[PDB]
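Structural characterization, general
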Amino acid sequence: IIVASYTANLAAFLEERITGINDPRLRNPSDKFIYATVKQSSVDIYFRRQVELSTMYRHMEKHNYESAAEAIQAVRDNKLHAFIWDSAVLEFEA
Amino acid sequence: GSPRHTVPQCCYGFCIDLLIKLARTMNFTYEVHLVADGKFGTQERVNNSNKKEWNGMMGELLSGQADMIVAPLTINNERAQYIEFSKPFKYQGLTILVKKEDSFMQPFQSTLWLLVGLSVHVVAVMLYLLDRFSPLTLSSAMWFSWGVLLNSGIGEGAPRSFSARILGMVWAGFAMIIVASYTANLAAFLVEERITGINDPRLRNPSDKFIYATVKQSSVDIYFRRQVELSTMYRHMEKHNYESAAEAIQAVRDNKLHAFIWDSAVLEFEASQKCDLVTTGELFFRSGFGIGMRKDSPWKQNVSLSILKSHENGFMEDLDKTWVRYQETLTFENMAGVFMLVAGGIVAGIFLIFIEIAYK
Amino acid sequence: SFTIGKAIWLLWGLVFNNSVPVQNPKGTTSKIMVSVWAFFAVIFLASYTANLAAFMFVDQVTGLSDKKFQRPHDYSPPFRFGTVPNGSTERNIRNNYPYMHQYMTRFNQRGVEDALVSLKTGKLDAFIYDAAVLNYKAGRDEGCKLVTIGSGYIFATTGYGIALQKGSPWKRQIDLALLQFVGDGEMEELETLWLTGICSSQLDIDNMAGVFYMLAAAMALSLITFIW
Amino acid sequence: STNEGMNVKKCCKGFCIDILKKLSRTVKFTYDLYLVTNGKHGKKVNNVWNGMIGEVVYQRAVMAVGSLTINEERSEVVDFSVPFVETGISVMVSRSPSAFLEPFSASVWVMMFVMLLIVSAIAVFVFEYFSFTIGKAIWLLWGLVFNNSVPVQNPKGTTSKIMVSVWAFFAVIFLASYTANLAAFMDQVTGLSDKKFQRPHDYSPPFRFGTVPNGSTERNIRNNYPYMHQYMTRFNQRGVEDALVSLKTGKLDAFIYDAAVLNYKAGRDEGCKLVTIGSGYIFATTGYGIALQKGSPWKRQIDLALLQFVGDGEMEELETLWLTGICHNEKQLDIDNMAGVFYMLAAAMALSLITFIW
Ligand SMILES: *[C@@H]1O[C@H](CO)[C@@H](O)[C@H](O)[C@H]1NC(C)=O
Ligand SMILES: *[C@@H]1O[C@H](CO)[C@@H](O)[C@H](O)[C@H]1NC(C)=O
Ligand SMILES: *[C@@H]1O[C@H](CO)[C@@H](O)[C@H](O)[C@H]1NC(C)=O
Ligand SMILES: *[C@@H]1O[C@H](CO)[C@@H](O)[C@H](O)[C@H]1NC(C)=O
Ligand SMILES: *[C@@H]1O[C@H](CO)[C@@H](O)[C@H](O)[C@H]1NC(C)=O
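About the thresholds
- Residues numbered from 1 in each chain as written, not as in the entry; some residues may be left out.
- Chains lettered and ligands numbered in written order.
- Part of a larger assembly, values for the part shown.
- Heavy atoms only, no water.
- Helix = DSSP H or I, 4+ residues; strand = E, 2+ residues; numbered from the N terminus.
- Rg over C-alpha atoms; globule rule 2.2 N^0.38 Å.
- Buried < 20%, exposed > 50% of the residue type's maximum accessible area, 1.4 Å probe, protein only.
- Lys, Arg positive; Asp, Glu negative; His and termini not counted.
- Charge placed at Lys NZ, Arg CZ, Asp CG, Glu CD.
- Contact = heavy atoms within 4.5 Å.
- Pairing = 2+ DSSP bridges.
- Buried area = accessible area lost by both parts, 1.4 Å probe.
- Salt bridge = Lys/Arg side-chain N within 4 Å of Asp/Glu carboxyl O.
- Polar contact = N/O pair within 3.5 Å; in protein donor to acceptor, adjacent residues only side chain to side chain.
- Disulfide = S-S within 2.5 Å.
- Axes fitted to C-alpha atoms, helices over the stretch in contact; angles between N-to-C directions.
- Arc of directions from axis to C-beta.
- Near = heavy atom within 4 Å.
- Nonpolar A, V, L, I, M, F, W, Y, C, P; charged D, E, K, R; others polar.

Method of determination, as given in the entry header: cryo-EM; reported resolution: 16.5 Å.

Printed below as a string of structure tokens:
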């Protein structure tokens, strides 16, 4: 019975992020969708300007990180799922 | 159905006792005759001069063959402008009747099972012939050939397979890859019945599974034809036109239907009678059902006062007490055929064992 | 030849295909029913793996397409849901689904804060309300046990405006004032100042409970076989 | 460059022309039919309508006998008749195994046979260190792969039983991976809130989808999601025939249009290629109406004529005759896989005949 449940689990097994910029399942997150940003940033100002970034602003205020090093430490330990950040810095760090 | 067979029989029930109450309140003699067809009556065109006529009870009332329609008549636009009505005695709505209740051998196609049987027969015959031409013999050969396929454990040995072990190992892997592919594609094959109202997006464009119909040429069909924004459901119901309601009950009992528009308290009474016909908790089309009356006459007023006398007391409550209030890998229905075929195989195997004992 | 009274173990051990082989007699009697029970065990394990494949914490309410809101006869626990009495929410329900209003009319409630107290104590199962105010109240909730399931998937997701009389000349200047209020982030500044809010191989999280129940049953059977 | 034109006389047929002729039989009025020259069905651009809405609302026409969609703004500017047909919306898409031994096990097959020879050599070494495991370990090993209750000998060595147990656990996890592969081997858009229409980064090939301009479909999109209208603006197209050519050549993947009209185009399609997603289940499911002026006394007779045409099977006869039924919708058992297993079995019988004759 244990190895049959193992077989059914491997059957249910056979993707790190959906990556949707306007996906309503990503606009409205859940307890598993964890994503944060730098607290009081200009990127947060530009997200405050647009009107479809309301639920993401209400979710990223629940995990307000002080500096970017806390965000790097959070995404290193597989705690976050999205982080709006500059491109050339990530090309450097890759 | 029948060319000419009309006999005197006995009529009773709800409308008959209502007519007895009408005769008890005001004196009138009557004669109850049954209509020939089983339809309510629609505004049907006649074959000449572009004229629309009726049929059934209204076809006999306007032609002089009837005097009073005692039936659950639906008040609508076409029937109210032709004959006079009375006080509606019945207030009853419509609802949907559904059925809330795995291709193993018998629904599954029987080409490959006979193929595996003939294959293991040919394998046993050629292994017996190789046991003859070596580089209880037949009984041990059959024991090995049915113990390789057995796949659960048997107290056997190892036959002399100096030039036959390759055939045995390929047959073992062949039988296991067959049963593995069979388990895999059954689990892939076997991996939604409710309707719940007319406002359903799934039934805006039905198919061969979404089966729903109504009574042919009924007032419910007239009301659904009046709803012009329900054209596809009208197309689906006109292809499955049923004459009587008993045929609809027989079709929904024998798993030929999935939904049926019918009156609510009657289906509650049928749920009280039969446990396999239970509807949902919905109610719509609360239409008053009365008696279609004749033209200007004081006996229409006498019948209306008798119906008002039936309304002011608890006689309708007494009829509701005597009719409406009086009530009475699943391995329950899915594996019932599994149980029957396994029991038949057990009986056939026990019969073969007793024939084998009585022979030897 | 121990299959006189011990045929139960010899028949029930031919399912999980690792039993001790027992010498069958030479009359060709036991092997046929052993093969029949073996094929029955194979199709039973196939149906068991099919049931485990068809079986595939998660939320109980998916949205408007839930398998409970139409009729709770399919599932065993019942539920209840209501809105404000004689309000615009009832008309917004009746503009989309009258049957939802029919199932909601028998399960009405009185007050929104009373509905919150009924949800916390257990006198209510569901309550249809505006999602932004529920986010604001879950951000200040005592207990931190309110995560809003669904925020406009198959919902209405409408807006609010300023309704004047039919024919007012001030309506154009009010519209220009609203375009001034939107085009500088002042309305979002008010929404930020007033509205706020804070707070794989691990699928066998309930299977180990079944392992615990089967271990307790095995210890009970071992105690029964030990005392007698 | 100029507004000069000529009055070209053209003939008309179809469904709405039959409706107009039956209204001329019933209401008995002389018809003054002319095609619109302003454009498509209608879209208000700075309080200026175009098409049939621009003809009816601006007092240039009386009624709209032809097909016209219904939304909130067209219900506000004029009054429609009863909906005689259910024509909603839908999305048109493009729509343009041998065995389980050789295509699936080609690079793993050699290493599994290498592991089989290694385990057989280990079994021979254990049998010769301390009873047919001298050179005949192949039958024993590949019988213990499947474990079909084949007794061979009584294992007195602990090493042999440990190797058989480890090989049996490997066979169990290999059978689990094989059943997982068989389960993994067995529509596209299942809703308006799909992950594909919001962003094409769901999969690796990008796709495009758009609607028609100057229509009420764009207003129905903007009344629900203006960002979908923004992605349609990023994915603009030319016209209905141009989108049809783009679907035939492959320059367009999806196309949002009506429900029954794309069913008609699917039925008249050569080869039943262009097939919609389902049949229009969870879409808006709107209808068509006849728009008249607000205050027309002829509206009641047209409504009674439409109720006469629907309520006798004549409208059903028109919708059966003037619609297509060739291409239908959605056009455990396998053929080629057990055939290839039979070819490998015939090769196995050939090898057994070779080992039998020598
Ligand atoms: C009712 O009327 C009949 C005549 O139709 C008459 O013979 C009878 O005496 C009357 N009395 C009753 C039974 O009500
Ligand atoms: C025309 O005559 C036939 C004769 O059987 C009759 O059944 C039918 O109802 C008439 N009208 C129609 C509807 O064709
Ligand atoms: C019955 O009809 C008569 C006229 O024939 C009328 O005078 C009387 O009021 C009616 N009511 C009764 C007694 O049912
Ligand atoms: C709503 O209003 C009615 C009166 O129109 C009142 O009787 C009822 O109690 C109120 N409650 C509901 C059903 O919302
Ligand atoms: C809509 O119609 C106008 C002419 O009235 C035309 O100029 C315009 O190109 C059309 N819209 C689009 C974006 O195709």
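Structure's up, so let's keep going.
Once that is clear, we can look at the overall build of chain A. Counting its regular elements, chain A contains six helices and zero strands. Since a compact globule built from 94 residues should have a radius of gyration of about 12 Å, the 17 Å found for chain A marks it as more spread out than a globular shape. Counting only C-alpha atoms, chain A reaches 55 × 30 × 20 Å along its principal axes. Burial statistics for chain A: of 94 residues in total, 34% are counted as buried. Within chain A, one finds 11 positive and 13 negative side-chain charges whose respective centroids are separated by 7 Å.

Bringing helix α5 (residues 137-146) of chain D into the picture now. Those residues of α5(D) lying buried are D:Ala137, D:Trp139, D:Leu140 and D:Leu141. Looking at the buried positions of α5(D), the neighbouring elements they touch are α6 (165-189) of chain B together with α4 (108-129) and α6 (158-185) of chain D.

This part takes up the sheet that holds strand β5 (residues 212-213) of chain B. All names here are of chain B. What the five strands build is an open sheet, ordered β3-β7-β4-β6-β5; its pairing is mixed. Where the open sheet ends on each side, the last strands, each with one partner, are β3 (69-74) and β5. One ladder, built from four bridges, connects strand β4 (residues 90-97) with strand β6 (residues 259-263); its direction is antiparallel. By the bridge assignment, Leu 97 is partnered in β6 with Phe 260.

This brings us to the interface of chain A and chain C. The partner chain C presents 17 residues to the 16 residues of chain A that form the contact. Carbon and sulfur atoms supply 58% of the area buried between chain A and chain C, which totals about 1600 Å² over both sides. Summed over the three residues of chain A that lose the most area to chain C, namely A:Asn28, A:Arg58 and A:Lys62, the buried surface amounts to 29% of that side. At the boundary of chain A with chain C, the tally comes to zero salt bridges. Taken together, chain A and chain C are joined by three residue pairs in polar contact. Put simply, the parts of the chain that give the side of chain A that touches chain C at least two residues each are α1 (2-13), α2 (24-27) and α4 (54-60) of chain A.

Below, the discussion takes up the state of the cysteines. One pass over the full model with this rule turns up one disulfide over all chains. With its sulfur 2.0 Å from that of its partner, D:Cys272 forms a disulfide with D:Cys327. Handedness of the D:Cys272-D:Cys327 disulfide follows from its S-S torsion of about -90°: it is left-handed. With D:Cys272 in the loop between α11 (260-267) and β5 (291-292) and D:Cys327 in the loop between α13 (314-321) and α14 (336-357), this pair connects stretches of sequence that are 55 residues apart. Residue D:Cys272 is classed as partly exposed on the basis of its relative accessible area, which comes to 21%. Of the residues examined, D:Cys327 reaches a relative accessible area of 15% and is grouped as buried. In this structure B:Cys15 is a free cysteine whose sulfur lies 11 Å from that of B:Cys11, the closest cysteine sulfur available. Overall, the relative accessible area of 22% leaves B:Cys15 in the partly exposed class. D:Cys16 takes part in no disulfide bond, and the closest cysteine sulfur, belonging to D:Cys12, lies 11 Å away. By relative accessible area, D:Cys16 is classed as partly exposed at 22%.

Residue and element names in this part refer to chain D. Spatial ordering of the open sheet is given by β2-β4-β3, a layout of three strands whose pairing is mixed. Both outer strands of the open sheet, β2 (89-92) and β3 (209-210), are each paired with one neighbouring strand and no more. Lying on the sheet, α11 is in contact with β2 and β4 (254-258); it crosses β4 at an angle near 115°.

All right, on to helix α10 (residues 240-249) of chain D then. Think of an α-helix as 3.6 residues a turn; residues three or four steps apart then line up on the same face. All names here are of chain D. Those residues of α10 that fall on the buried side of the exposure criterion are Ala 243, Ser 246 and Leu 247. Seen along its axis, α10 keeps its buried residues to an arc of 100°; they face one direction. In α10, the exposed positions angled more than 90 degrees off the buried face are occupied by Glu 241 and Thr 249. Those residues of α10 that are buried are in contact with β2 and β4. Phi turns positive, to about 100°, at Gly 250, one or two residues after α10.

With that out of the way, let us pick up the arrangement of the chains. For this structure, the chain pair with the highest number of contacts among five pairs of chains in contact is chains B and D. You won't find any contact between chain A and chain B; their C-alpha atoms come no closer than 10 Å.

Taken together, C:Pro85, C:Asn86 and C:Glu90 form the complete shell of residues around ligand 4. One of the side-chain nitrogen or oxygen atoms of C:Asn86 is found 2.3 Å away from an oxygen atom of ligand 4.

Moving on: the interface of chain B and chain D. Opposite the 45 residues of chain B that make contact, chain D presents 39 residues. At the surface where chain B touches chain D, the tally comes to three salt bridges. Across the pair B:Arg235 and D:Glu319 runs a salt bridge whose closest N-O atoms are separated by 2.5 Å. For the pair chain B and chain D, the interface holds nine residue pairs in polar contact. For the side of chain B that touches chain D, the secondary-structure elements that each account for two or more residues are α4 (111-132), α5 (137-148), α6 and α8 (231-238) of chain B. When the residues that make up the side of chain B that touches chain D are grouped by side-chain class, the tally is 23 nonpolar, twelve polar and ten charged.

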